[PDB]
Amino acid sequence: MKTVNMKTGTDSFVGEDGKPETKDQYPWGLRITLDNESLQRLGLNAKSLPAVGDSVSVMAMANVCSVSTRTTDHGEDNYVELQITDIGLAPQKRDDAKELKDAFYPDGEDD
Amino acid sequence: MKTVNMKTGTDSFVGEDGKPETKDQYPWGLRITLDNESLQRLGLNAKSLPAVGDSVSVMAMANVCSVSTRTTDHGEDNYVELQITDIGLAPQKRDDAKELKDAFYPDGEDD
Amino acid sequence: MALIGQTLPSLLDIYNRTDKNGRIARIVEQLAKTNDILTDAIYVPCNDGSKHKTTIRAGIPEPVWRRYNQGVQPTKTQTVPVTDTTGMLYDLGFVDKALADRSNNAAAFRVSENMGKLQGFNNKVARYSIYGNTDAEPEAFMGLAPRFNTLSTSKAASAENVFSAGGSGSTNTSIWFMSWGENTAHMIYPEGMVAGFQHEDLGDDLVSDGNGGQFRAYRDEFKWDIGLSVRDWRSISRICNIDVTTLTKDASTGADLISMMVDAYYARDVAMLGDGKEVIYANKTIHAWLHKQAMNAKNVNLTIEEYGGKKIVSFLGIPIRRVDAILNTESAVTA
Amino acid sequence: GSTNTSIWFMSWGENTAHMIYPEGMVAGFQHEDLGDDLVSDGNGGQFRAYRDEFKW
């Protein structure tokens, strides 16, 4: 789980942006209840951060965000209210690490 | 008849072989009973000969091969034990000819 | 010139399965090389639409000695939710309505297809019932891995062994045994395989994208959804064992032995009573080996006329069945 | 690092003494009244509740 929305890879090179990728994520709605997800395999070192966003098609407002350090396998949780588009995730920043990326949708926790 | 496997043409030019391209004819099996085929139409000049080989996914191991001389329209027959990859055919050789190779599967024959 | 690794049944199949002196099918039927497994499990649907919650608890501390007047303070027991996920998996087959009718009658053909697909299916499901869990979901088991406790809960449920190597992952297999009733959960439809359906329409053909397509066919598929439960971390047992050096040395000798066979059994009861059945699992090889080595115990035996001990299906008694594990994994045991 | 455990065995009849009144885990007592608060001192309090204790 699941196609629509997005899958890995994205990915992560020695230096990457993060605004990509995958629309459809759709531009109308609100929300107040349940879940989301995000993880993957082999990190390398230090600085990283996901994010979100919303509008129609492009720019440029709002956030929720998160931050992590290096480890292999992780996760935070679900979103809040939104304008409506979620270009998210929007990773960053440094390191090297070609490592695949991530995905989202229902979970699914550890035993 | 039929798609998967081989199709014409290659087209066996001046100076090269025709090991290309089929990837893959799969890599597990053995073979001893039924038939195959190979022929085409216009040639140009002199000695040509096909062959076959196989390995695990790439190259290179044993062979079987055959020999023929100049004429238009032909055909020989089958194969003995092989692992599985069959990069064949592998035609040759010299003079100056630039047209059309063959394909394999059921008869065939004449009337 | 052909380009591709053959999806769909090329004529090679229909000519190997074939039909000579007629006929209909293969003399019931074709046989052979696929291993066998058990499980053969218990299944349950789970509230709600997924997950399954449940709770367990994390410590219940602590009363203190009252000193005649003062110290008490309210005390509070806590808990935590738990249960996990699952996923579906399936294939589908295709034929060409023409070729399956040359030669005649496809019924036997398709029946052969579904039986073979079935055996491969079960093979894969048992293959991933024990390993995995770090990829694109379903599902999870291995999560007893770490060797010692305090870094996890492991410990008592792991019983364990010694040896192997820290710089060489070769090889030594492993043995499991646990009790059913710590179920396997499924989403609200029947249990396993169920396929079991029929379709006859038109392609579905040439890809990318694919400059056309269009041909008629005769096809269907087989789906499966499952998801084990943990329900409780206990009533389960792991081992590390041999390796084949000592596994051969153990003919009747005693340096690196089979003793854990009892320890694991005794590492259970609280209770936590639950519920009705238990069973021990082997990977063949260790099965026969255990038989052959157990015959020669200088102690309890003496038999009658005569050897060699009529399999093992007891001990003690809790019947044991055989599954397919593997002969190479990793260390991670006792400490 | 031993750390070695041990095993025991004795007999009952070399009893367990309890102070001239009931025995074992007793209670089992409920009532219903108010708080009370956090520490120092802490606030106003007074809110009906469910109370109980077990002594030994």
# chains A, B, ... in the order shown; residues from 1 in each chain; ligands from 1
$ residues_around --residues "range 1-10 of chain B" --least-positions-apart "6" --cutoff "12 Å" --atoms "only C-alpha atoms" --output "number ranges by chain"
B: 16-26, 36-41, 85-91, 98-108; C: 1-12, 99, 206
$ write_last_selection --atoms "C-alpha atoms" --output "PDB file, in the first residue's frame"
ATOM      1  CA  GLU B  16      29.618  -8.720 -38.730  1.00  0.00           C
ATOM      2  CA  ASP B  17      27.762 -11.509 -36.962  1.00  0.00           C
ATOM      3  CA  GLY B  18      24.200 -11.611 -35.658  1.00  0.00           C
ATOM      4  CA  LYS B  19      24.467 -12.844 -32.084  1.00  0.00           C
ATOM      5  CA  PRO B  20      21.943 -10.034 -31.182  1.00  0.00           C
ATOM      6  CA  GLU B  21      19.495  -9.556 -29.724  1.00  0.00           C
ATOM      7  CA  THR B  22      17.073 -11.874 -27.926  1.00  0.00           C
ATOM      8  CA  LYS B  23      17.234 -11.177 -24.182  1.00  0.00           C
ATOM      9  CA  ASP B  24      16.185 -13.443 -22.900  1.00  0.00           C
ATOM     10  CA  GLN B  25      15.234 -16.852 -24.188  1.00  0.00           C
ATOM     11  CA  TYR B  26      15.206 -17.539 -20.376  1.00  0.00           C
ATOM     12  CA  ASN B  36      13.077 -25.473 -35.029  1.00  0.00           C
ATOM     13  CA  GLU B  37      13.729 -23.651 -38.319  1.00  0.00           C
ATOM     14  CA  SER B  38      15.781 -20.980 -40.128  1.00  0.00           C
ATOM     15  CA  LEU B  39      15.934 -19.484 -43.661  1.00  0.00           C
ATOM     16  CA  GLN B  40      15.615 -16.260 -45.642  1.00  0.00           C
ATOM     17  CA  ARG B  41      15.532 -15.032 -49.222  1.00  0.00           C
ATOM     18  CA  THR B  85      20.253 -18.922 -23.138  1.00  0.00           C
ATOM     19  CA  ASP B  86      20.625 -19.712 -26.856  1.00  0.00           C
ATOM     20  CA  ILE B  87      22.227 -16.480 -28.088  1.00  0.00           C
ATOM     21  CA  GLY B  88      21.988 -17.961 -31.601  1.00  0.00           C
ATOM     22  CA  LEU B  89      22.142 -17.361 -34.348  1.00  0.00           C
ATOM     23  CA  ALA B  90      25.777 -16.270 -34.816  1.00  0.00           C
ATOM     24  CA  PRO B  91      26.295 -16.005 -38.579  1.00  0.00           C
ATOM     25  CA  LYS B  98      23.676  -6.927 -46.874  1.00  0.00           C
ATOM     26  CA  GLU B  99      20.255  -8.563 -46.431  1.00  0.00           C
ATOM     27  CA  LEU B 100      18.035 -10.782 -44.319  1.00  0.00           C
ATOM     28  CA  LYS B 101      18.728 -13.652 -41.913  1.00  0.00           C
ATOM     29  CA  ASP B 102      16.063 -16.071 -40.624  1.00  0.00           C
ATOM     30  CA  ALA B 103      13.764 -17.030 -37.721  1.00  0.00           C
ATOM     31  CA  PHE B 104      12.816 -20.227 -35.904  1.00  0.00           C
ATOM     32  CA  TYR B 105       9.680 -22.366 -35.336  1.00  0.00           C
ATOM     33  CA  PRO B 106       7.418 -24.971 -36.841  1.00  0.00           C
ATOM     34  CA  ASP B 107       7.449 -26.263 -40.452  1.00  0.00           C
ATOM     35  CA  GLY B 108       7.869 -25.514 -43.180  1.00  0.00           C
TER      36      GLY B 108
ATOM     37  CA  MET C   1      15.040 -10.530 -33.076  1.00  0.00           C
ATOM     38  CA  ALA C   2      12.645 -11.450 -30.208  1.00  0.00           C
ATOM     39  CA  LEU C   3      14.145  -9.158 -27.580  1.00  0.00           C
ATOM     40  CA  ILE C   4      12.388 -10.369 -24.427  1.00  0.00           C
ATOM     41  CA  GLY C   5      12.532 -12.912 -21.587  1.00  0.00           C
ATOM     42  CA  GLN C   6       9.199 -14.502 -22.539  1.00  0.00           C
ATOM     43  CA  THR C   7       6.156 -13.627 -20.536  1.00  0.00           C
ATOM     44  CA  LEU C   8       3.153 -15.761 -21.626  1.00  0.00           C
ATOM     45  CA  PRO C   9       3.224 -19.457 -22.643  1.00  0.00           C
ATOM     46  CA  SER C  10       5.303 -19.749 -25.787  1.00  0.00           C
ATOM     47  CA  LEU C  11       4.641 -22.907 -27.811  1.00  0.00           C
ATOM     48  CA  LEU C  12       7.593 -24.531 -26.005  1.00  0.00           C
ATOM     49  CA  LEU C  99      -2.830 -22.053 -29.407  1.00  0.00           C
ATOM     50  CA  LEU C 206       1.885  -5.400 -26.589  1.00  0.00           C
TER      51      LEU C 206
END
$ calpha_fit_and_write --fixed "chain A" --moving "chain B" --output "PDB file with C-alpha atoms, in the first residue's frame"
ATOM      1  CA  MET B   1       0.046  -0.515  -0.767  1.00  0.00           C
ATOM      2  CA  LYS B   2      -0.717   1.406  -2.664  1.00  0.00           C
ATOM      3  CA  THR B   3      -0.471   2.887  -6.146  1.00  0.00           C
ATOM      4  CA  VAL B   4      -1.713   6.486  -6.197  1.00  0.00           C
ATOM      5  CA  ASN B   5      -0.200   7.854  -4.231  1.00  0.00           C
ATOM      6  CA  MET B   6       3.542   7.807  -3.671  1.00  0.00           C
ATOM      7  CA  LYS B   7       6.105   5.207  -4.710  1.00  0.00           C
ATOM      8  CA  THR B   8       9.826   4.682  -4.139  1.00  0.00           C
ATOM      9  CA  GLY B   9      12.297   5.648  -5.192  1.00  0.00           C
ATOM     10  CA  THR B  10      13.525   9.159  -5.981  1.00  0.00           C
ATOM     11  CA  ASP B  11      16.183   8.411  -4.841  1.00  0.00           C
ATOM     12  CA  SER B  12      17.276  11.424  -2.770  1.00  0.00           C
ATOM     13  CA  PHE B  13      20.799  11.898  -4.142  1.00  0.00           C
ATOM     14  CA  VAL B  14      23.688  14.090  -2.911  1.00  0.00           C
ATOM     15  CA  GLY B  15      22.680  17.747  -2.720  1.00  0.00           C
ATOM     16  CA  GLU B  16      19.072  17.927  -3.963  1.00  0.00           C
ATOM     17  CA  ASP B  17      15.551  17.662  -2.593  1.00  0.00           C
ATOM     18  CA  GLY B  18      12.703  15.380  -3.634  1.00  0.00           C
ATOM     19  CA  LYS B  19       9.712  17.655  -4.122  1.00  0.00           C
ATOM     20  CA  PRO B  20       9.034  15.662  -7.385  1.00  0.00           C
ATOM     21  CA  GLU B  21       6.925  14.321  -8.837  1.00  0.00           C
ATOM     22  CA  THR B  22       3.303  13.538  -7.980  1.00  0.00           C
ATOM     23  CA  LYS B  23       1.020  15.570 -10.257  1.00  0.00           C
ATOM     24  CA  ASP B  24      -1.490  15.657  -9.003  1.00  0.00           C
ATOM     25  CA  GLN B  25      -2.629  14.609  -5.570  1.00  0.00           C
ATOM     26  CA  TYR B  26      -5.695  16.694  -6.690  1.00  0.00           C
ATOM     27  CA  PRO B  27      -6.689  20.279  -5.789  1.00  0.00           C
ATOM     28  CA  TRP B  28      -9.718  20.300  -3.509  1.00  0.00           C
ATOM     29  CA  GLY B  29     -10.022  19.007   0.042  1.00  0.00           C
ATOM     30  CA  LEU B  30      -9.042  19.155   3.698  1.00  0.00           C
ATOM     31  CA  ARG B  31      -7.650  16.511   6.041  1.00  0.00           C
ATOM     32  CA  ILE B  32      -8.065  15.616   9.734  1.00  0.00           C
ATOM     33  CA  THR B  33      -8.407  12.017  11.001  1.00  0.00           C
ATOM     34  CA  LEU B  34      -6.553   9.045   9.519  1.00  0.00           C
ATOM     35  CA  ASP B  35      -2.925   8.017   8.926  1.00  0.00           C
ATOM     36  CA  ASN B  36       0.065   8.145   6.574  1.00  0.00           C
ATOM     37  CA  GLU B  37       3.605   6.716   6.555  1.00  0.00           C
ATOM     38  CA  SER B  38       7.204   7.138   5.336  1.00  0.00           C
ATOM     39  CA  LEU B  39      10.507   5.204   5.638  1.00  0.00           C
ATOM     40  CA  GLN B  40      13.243   3.478   3.649  1.00  0.00           C
ATOM     41  CA  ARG B  41      16.332   1.354   4.172  1.00  0.00           C
ATOM     42  CA  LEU B  42      20.000   2.117   3.500  1.00  0.00           C
ATOM     43  CA  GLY B  43      21.363   5.589   4.103  1.00  0.00           C
ATOM     44  CA  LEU B  44      24.876   6.957   4.253  1.00  0.00           C
ATOM     45  CA  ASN B  45      25.702   9.978   6.398  1.00  0.00           C
ATOM     46  CA  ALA B  46      24.068  12.378   8.813  1.00  0.00           C
ATOM     47  CA  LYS B  47      21.201  14.819   8.907  1.00  0.00           C
ATOM     48  CA  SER B  48      18.052  14.511   6.789  1.00  0.00           C
ATOM     49  CA  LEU B  49      14.613  16.034   7.097  1.00  0.00           C
ATOM     50  CA  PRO B  50      11.376  15.780   5.069  1.00  0.00           C
ATOM     51  CA  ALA B  51       8.566  18.330   4.689  1.00  0.00           C
ATOM     52  CA  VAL B  52       5.327  19.047   2.830  1.00  0.00           C
ATOM     53  CA  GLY B  53       3.596  21.979   1.169  1.00  0.00           C
ATOM     54  CA  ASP B  54       0.587  22.686  -0.988  1.00  0.00           C
ATOM     55  CA  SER B  55      -1.156  25.336  -3.061  1.00  0.00           C
ATOM     56  CA  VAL B  56      -3.423  25.373  -6.110  1.00  0.00           C
ATOM     57  CA  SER B  57      -1.817  23.032  -8.673  1.00  0.00           C
ATOM     58  CA  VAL B  58       1.790  24.248  -8.412  1.00  0.00           C
ATOM     59  CA  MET B  59       3.534  26.306  -5.683  1.00  0.00           C
ATOM     60  CA  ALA B  60       4.012  27.649  -3.116  1.00  0.00           C
ATOM     61  CA  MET B  61       2.417  28.090   0.319  1.00  0.00           C
ATOM     62  CA  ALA B  62       2.534  26.864   3.927  1.00  0.00           C
ATOM     63  CA  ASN B  63       4.241  23.731   5.256  1.00  0.00           C
ATOM     64  CA  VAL B  64       4.529  21.386   8.261  1.00  0.00           C
ATOM     65  CA  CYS B  65       7.924  19.648   8.001  1.00  0.00           C
ATOM     66  CA  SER B  66       9.974  17.567  10.462  1.00  0.00           C
ATOM     67  CA  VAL B  67      13.570  16.840  11.505  1.00  0.00           C
ATOM     68  CA  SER B  68      15.596  13.660  11.981  1.00  0.00           C
ATOM     69  CA  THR B  69      19.215  12.534  12.109  1.00  0.00           C
ATOM     70  CA  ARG B  70      21.210   9.595  10.778  1.00  0.00           C
ATOM     71  CA  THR B  71      19.851   6.054  11.207  1.00  0.00           C
ATOM     72  CA  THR B  72      18.400   3.284   9.036  1.00  0.00           C
ATOM     73  CA  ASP B  73      14.599   2.755   9.241  1.00  0.00           C
ATOM     74  CA  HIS B  74      12.185   5.164  10.958  1.00  0.00           C
ATOM     75  CA  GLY B  75       8.783   6.806  10.604  1.00  0.00           C
ATOM     76  CA  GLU B  76       6.836   9.615  12.261  1.00  0.00           C
ATOM     77  CA  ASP B  77       3.152  10.408  11.727  1.00  0.00           C
ATOM     78  CA  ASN B  78       0.350  12.527  10.336  1.00  0.00           C
ATOM     79  CA  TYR B  79      -0.659  16.016   9.250  1.00  0.00           C
ATOM     80  CA  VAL B  80      -2.925  18.867  10.299  1.00  0.00           C
ATOM     81  CA  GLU B  81      -5.048  21.220   8.180  1.00  0.00           C
ATOM     82  CA  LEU B  82      -3.932  21.802   4.604  1.00  0.00           C
ATOM     83  CA  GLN B  83      -5.564  23.074   1.471  1.00  0.00           C
ATOM     84  CA  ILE B  84      -4.615  20.429  -1.106  1.00  0.00           C
ATOM     85  CA  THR B  85      -1.706  19.635  -3.457  1.00  0.00           C
ATOM     86  CA  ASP B  86       0.794  18.076  -1.028  1.00  0.00           C
ATOM     87  CA  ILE B  87       4.002  18.356  -3.070  1.00  0.00           C
ATOM     88  CA  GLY B  88       5.718  16.481  -0.219  1.00  0.00           C
ATOM     89  CA  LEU B  89       8.046  15.077   0.516  1.00  0.00           C
ATOM     90  CA  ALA B  90      10.785  17.738   0.323  1.00  0.00           C
ATOM     91  CA  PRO B  91      13.880  16.144   1.867  1.00  0.00           C
ATOM     92  CA  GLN B  92      17.319  17.585   2.598  1.00  0.00           C
ATOM     93  CA  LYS B  93      20.262  18.084   2.874  1.00  0.00           C
ATOM     94  CA  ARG B  94      24.041  17.726   3.003  1.00  0.00           C
ATOM     95  CA  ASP B  95      26.759  15.053   3.383  1.00  0.00           C
ATOM     96  CA  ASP B  96      27.088  12.400   0.651  1.00  0.00           C
ATOM     97  CA  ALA B  97      24.206   9.918   0.331  1.00  0.00           C
ATOM     98  CA  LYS B  98      22.631   8.400  -2.771  1.00  0.00           C
ATOM     99  CA  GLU B  99      19.772   5.974  -2.055  1.00  0.00           C
ATOM    100  CA  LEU B 100      16.075   5.514  -1.395  1.00  0.00           C
ATOM    101  CA  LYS B 101      13.392   7.735   0.148  1.00  0.00           C
ATOM    102  CA  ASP B 102       9.961   6.490   1.287  1.00  0.00           C
ATOM    103  CA  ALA B 103       6.234   6.224   0.469  1.00  0.00           C
ATOM    104  CA  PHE B 104       2.966   6.796   2.316  1.00  0.00           C
ATOM    105  CA  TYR B 105      -0.065   4.740   3.462  1.00  0.00           C
ATOM    106  CA  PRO B 106      -1.365   2.376   6.086  1.00  0.00           C
ATOM    107  CA  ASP B 107       0.650   0.651   8.856  1.00  0.00           C
ATOM    108  CA  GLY B 108       3.172  -0.539   9.493  1.00  0.00           C
ATOM    109  CA  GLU B 109       4.102  -1.006  13.172  1.00  0.00           C
ATOM    110  CA  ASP B 110       6.442  -3.690  14.550  1.00  0.00           C
ATOM    111  CA  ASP B 111       6.628  -7.272  15.798  1.00  0.00           C
TER     112      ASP B 111
END
$ residues_around --residues "residue 29 in chain D" --least-positions-apart "6" --cutoff "10 Å" --atoms "only C-alpha atoms" --output "VMD selection string"
chain D and resid 51 to 54
$ interface_residues --of "chain C" --to "chain D" --cutoff "12 Å" --atoms "only C-alpha atoms" --output "PDB file with N, CA, C and O atoms, in the first residue's frame"
ATOM      1  N   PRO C  63       4.487  -1.267  44.868  1.00  0.00           N
ATOM      2  CA  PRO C  63       4.151  -0.935  46.253  1.00  0.00           C
ATOM      3  C   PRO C  63       5.402  -0.693  47.081  1.00  0.00           C
ATOM      4  O   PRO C  63       6.475  -1.234  46.809  1.00  0.00           O
ATOM      5  N   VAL C  64       5.250   0.150  48.104  1.00  0.00           N
ATOM      6  CA  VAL C  64       6.341   0.471  49.017  1.00  0.00           C
ATOM      7  C   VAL C  64       5.876   0.211  50.448  1.00  0.00           C
ATOM      8  O   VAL C  64       4.680   0.177  50.743  1.00  0.00           O
ATOM      9  N   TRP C  65       6.848   0.010  51.335  1.00  0.00           N
ATOM     10  CA  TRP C  65       6.548  -0.300  52.728  1.00  0.00           C
ATOM     11  C   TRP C  65       6.069   0.942  53.459  1.00  0.00           C
ATOM     12  O   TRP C  65       6.809   1.926  53.587  1.00  0.00           O
ATOM     13  N   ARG C  66       4.838   0.892  53.955  1.00  0.00           N
ATOM     14  CA  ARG C  66       4.314   1.986  54.757  1.00  0.00           C
ATOM     15  C   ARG C  66       4.970   1.975  56.132  1.00  0.00           C
ATOM     16  O   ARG C  66       5.126   0.927  56.762  1.00  0.00           O
ATOM     17  N   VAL C  72       2.514   7.008  50.824  1.00  0.00           N
ATOM     18  CA  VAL C  72       1.650   6.154  50.010  1.00  0.00           C
ATOM     19  C   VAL C  72       1.642   6.620  48.558  1.00  0.00           C
ATOM     20  O   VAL C  72       2.284   6.001  47.703  1.00  0.00           O
ATOM     21  N   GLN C  73       0.925   7.715  48.272  1.00  0.00           N
ATOM     22  CA  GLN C  73       0.739   8.268  46.932  1.00  0.00           C
ATOM     23  C   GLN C  73      -0.068   7.314  46.050  1.00  0.00           C
ATOM     24  O   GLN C  73       0.085   6.091  46.157  1.00  0.00           O
ATOM     25  N   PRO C  74      -0.957   7.820  45.194  1.00  0.00           N
ATOM     26  CA  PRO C  74      -1.658   6.933  44.254  1.00  0.00           C
ATOM     27  C   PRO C  74      -0.697   6.202  43.321  1.00  0.00           C
ATOM     28  O   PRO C  74       0.393   6.685  43.005  1.00  0.00           O
ATOM     29  N   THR C  75      -1.116   5.012  42.892  1.00  0.00           N
ATOM     30  CA  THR C  75      -0.341   4.162  41.999  1.00  0.00           C
ATOM     31  C   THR C  75      -1.174   3.855  40.761  1.00  0.00           C
ATOM     32  O   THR C  75      -2.408   3.843  40.810  1.00  0.00           O
TER      33      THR C  75
END
$ closest_residue --among "C:95, C:230, C:144, C:25" --to "chain A" --atoms "only C-alpha atoms"
C:230
$ select_by_dssp --residues "range 31-257 of chain C" --states "alpha helix (DSSP H)" --output "ChimeraX atom specification"
/C:107-129,244-249
$ write_last_selection --atoms "N, CA, C and O atoms" --output "compact mmCIF listing (two decimals), in the first residue's frame"
# COMPACT_ATOMS: atom_id res chain seq x y z
N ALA C 107 -9.11 -27.56 -21.45
CA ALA C 107 -9.48 -27.80 -20.06
C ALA C 107 -8.33 -28.42 -19.25
O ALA C 107 -7.96 -27.91 -18.19
N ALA C 108 -7.75 -29.51 -19.76
CA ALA C 108 -6.61 -30.13 -19.10
C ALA C 108 -5.45 -29.14 -18.96
O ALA C 108 -4.82 -29.06 -17.90
N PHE C 109 -5.16 -28.39 -20.02
CA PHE C 109 -4.11 -27.38 -20.01
C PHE C 109 -4.27 -26.42 -18.83
O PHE C 109 -3.38 -26.31 -17.98
N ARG C 110 -5.40 -25.73 -18.77
CA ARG C 110 -5.62 -24.76 -17.71
C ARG C 110 -5.58 -25.41 -16.33
O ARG C 110 -5.04 -24.83 -15.38
N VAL C 111 -6.15 -26.62 -16.19
CA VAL C 111 -6.08 -27.33 -14.91
C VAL C 111 -4.63 -27.52 -14.47
O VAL C 111 -4.26 -27.24 -13.32
N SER C 112 -3.78 -27.97 -15.40
CA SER C 112 -2.35 -28.07 -15.11
C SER C 112 -1.79 -26.73 -14.64
O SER C 112 -1.00 -26.67 -13.68
N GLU C 113 -2.19 -25.65 -15.31
CA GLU C 113 -1.68 -24.33 -14.95
C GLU C 113 -2.04 -23.98 -13.51
O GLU C 113 -1.17 -23.57 -12.72
N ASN C 114 -3.31 -24.16 -13.12
CA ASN C 114 -3.72 -23.77 -11.77
C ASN C 114 -3.07 -24.64 -10.70
O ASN C 114 -2.70 -24.14 -9.63
N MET C 115 -2.89 -25.94 -10.97
CA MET C 115 -2.21 -26.78 -9.97
C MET C 115 -0.75 -26.35 -9.78
O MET C 115 -0.29 -26.15 -8.64
N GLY C 116 -0.01 -26.15 -10.88
CA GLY C 116 1.37 -25.69 -10.75
C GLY C 116 1.47 -24.35 -10.04
O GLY C 116 2.25 -24.19 -9.09
N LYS C 117 0.69 -23.37 -10.50
CA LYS C 117 0.63 -22.07 -9.83
C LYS C 117 0.36 -22.23 -8.34
O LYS C 117 0.93 -21.51 -7.52
N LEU C 118 -0.51 -23.18 -7.97
CA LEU C 118 -0.79 -23.42 -6.56
C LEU C 118 0.47 -23.83 -5.80
O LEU C 118 0.81 -23.23 -4.77
N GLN C 119 1.18 -24.85 -6.30
CA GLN C 119 2.36 -25.32 -5.57
C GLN C 119 3.41 -24.22 -5.43
O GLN C 119 3.95 -24.00 -4.33
N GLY C 120 3.68 -23.49 -6.51
CA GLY C 120 4.61 -22.37 -6.40
C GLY C 120 4.14 -21.31 -5.42
O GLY C 120 4.95 -20.74 -4.67
N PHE C 121 2.83 -21.06 -5.39
CA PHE C 121 2.26 -20.07 -4.48
C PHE C 121 2.56 -20.41 -3.03
O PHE C 121 3.15 -19.61 -2.30
N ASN C 122 2.13 -21.60 -2.59
CA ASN C 122 2.41 -22.02 -1.22
C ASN C 122 3.90 -21.98 -0.92
O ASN C 122 4.31 -21.53 0.16
N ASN C 123 4.73 -22.43 -1.88
CA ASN C 123 6.18 -22.32 -1.70
C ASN C 123 6.59 -20.91 -1.32
O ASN C 123 7.34 -20.70 -0.36
N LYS C 124 6.10 -19.91 -2.07
CA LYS C 124 6.48 -18.52 -1.78
C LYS C 124 5.94 -18.06 -0.43
O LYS C 124 6.66 -17.38 0.33
N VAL C 125 4.69 -18.40 -0.10
CA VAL C 125 4.10 -17.91 1.15
C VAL C 125 4.87 -18.43 2.36
O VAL C 125 5.15 -17.67 3.29
N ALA C 126 5.24 -19.71 2.35
CA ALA C 126 6.10 -20.21 3.43
C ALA C 126 7.49 -19.60 3.35
O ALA C 126 8.13 -19.37 4.39
N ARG C 127 7.96 -19.32 2.14
CA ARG C 127 9.28 -18.71 1.97
C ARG C 127 9.37 -17.36 2.67
O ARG C 127 10.40 -17.04 3.27
N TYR C 128 8.31 -16.56 2.63
CA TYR C 128 8.31 -15.25 3.27
C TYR C 128 7.65 -15.23 4.64
O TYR C 128 7.67 -14.19 5.31
N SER C 129 7.08 -16.35 5.09
CA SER C 129 6.50 -16.40 6.42
C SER C 129 7.56 -16.22 7.51
O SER C 129 7.22 -15.78 8.62
N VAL C 244 27.74 -27.61 10.43
CA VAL C 244 27.88 -28.95 9.86
C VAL C 244 29.16 -29.65 10.32
O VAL C 244 29.21 -30.89 10.34
N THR C 245 30.18 -28.89 10.70
CA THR C 245 31.34 -29.49 11.36
C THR C 245 30.90 -30.29 12.59
O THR C 245 31.04 -31.51 12.65
N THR C 246 30.35 -29.59 13.58
CA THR C 246 29.84 -30.24 14.78
C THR C 246 28.61 -31.09 14.48
O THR C 246 28.41 -32.13 15.11
N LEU C 247 27.77 -30.64 13.54
CA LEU C 247 26.61 -31.44 13.14
C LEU C 247 27.01 -32.83 12.69
O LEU C 247 26.27 -33.79 12.90
N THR C 248 28.17 -32.96 12.05
CA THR C 248 28.69 -34.29 11.73
C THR C 248 29.39 -34.91 12.93
O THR C 248 29.29 -36.12 13.16
N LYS C 249 30.10 -34.09 13.72
CA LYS C 249 30.76 -34.61 14.91
C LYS C 249 29.78 -35.22 15.91
O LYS C 249 30.17 -36.10 16.69
$ atom_distance --atom1 "CA of residue 161 in chain C" --atom2 "CA of residue 139 in chain C"
26.9 Å
$ residues_around --residues "residue 220 in chain C" --least-positions-apart "5" --cutoff "6 Å" --atoms "only C-alpha atoms" --output "PDB file with N, CA, C and O atoms, in the first residue's frame"
ATOM      1  N   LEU C  92      -1.439 -13.741 -12.308  1.00  0.00           N
ATOM      2  CA  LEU C  92      -2.478 -14.143 -13.247  1.00  0.00           C
ATOM      3  C   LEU C  92      -1.811 -14.767 -14.457  1.00  0.00           C
ATOM      4  O   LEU C  92      -0.673 -14.433 -14.801  1.00  0.00           O
ATOM      5  N   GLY C  93      -2.530 -15.681 -15.089  1.00  0.00           N
ATOM      6  CA  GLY C  93      -2.025 -16.326 -16.276  1.00  0.00           C
ATOM      7  C   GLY C  93      -2.762 -15.866 -17.509  1.00  0.00           C
ATOM      8  O   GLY C  93      -3.870 -15.326 -17.417  1.00  0.00           O
ATOM      9  N   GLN C 198     -12.964 -17.386 -13.369  1.00  0.00           N
ATOM     10  CA  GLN C 198     -12.958 -17.700 -14.795  1.00  0.00           C
ATOM     11  C   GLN C 198     -13.185 -16.430 -15.605  1.00  0.00           C
ATOM     12  O   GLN C 198     -14.076 -15.643 -15.273  1.00  0.00           O
ATOM     13  N   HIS C 199     -12.372 -16.219 -16.650  1.00  0.00           N
ATOM     14  CA  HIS C 199     -12.621 -15.111 -17.566  1.00  0.00           C
ATOM     15  C   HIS C 199     -12.176 -15.462 -18.982  1.00  0.00           C
ATOM     16  O   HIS C 199     -11.179 -16.162 -19.175  1.00  0.00           O
TER      17      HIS C 199
END
$ residues_around --residues "residue 169 in chain C" --least-positions-apart "2" --cutoff "7 Å" --atoms "only C-alpha atoms" --output "compact mmCIF listing (two decimals) with N, CA, C and O atoms, in the first residue's frame"
# COMPACT_ATOMS: atom_id res chain seq x y z
N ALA C 165 30.16 -17.59 13.43
CA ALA C 165 31.30 -16.68 13.36
C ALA C 165 30.78 -15.26 13.22
O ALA C 165 29.68 -15.03 12.72
N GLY C 167 32.56 -12.89 11.59
CA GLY C 167 33.04 -12.34 10.34
C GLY C 167 32.77 -13.24 9.16
O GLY C 167 33.23 -12.97 8.04
N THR C 171 27.45 -21.20 8.42
CA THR C 171 26.20 -21.24 7.67
C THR C 171 25.06 -21.42 8.66
O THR C 171 24.18 -20.58 8.77
N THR C 329 21.95 -18.63 7.53
CA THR C 329 21.34 -17.37 7.95
C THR C 329 22.37 -16.41 8.54
O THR C 329 23.00 -15.65 7.81
N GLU C 330 22.54 -16.45 9.86
CA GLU C 330 23.37 -15.51 10.60
C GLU C 330 23.40 -15.99 12.05
O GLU C 330 22.62 -16.86 12.45
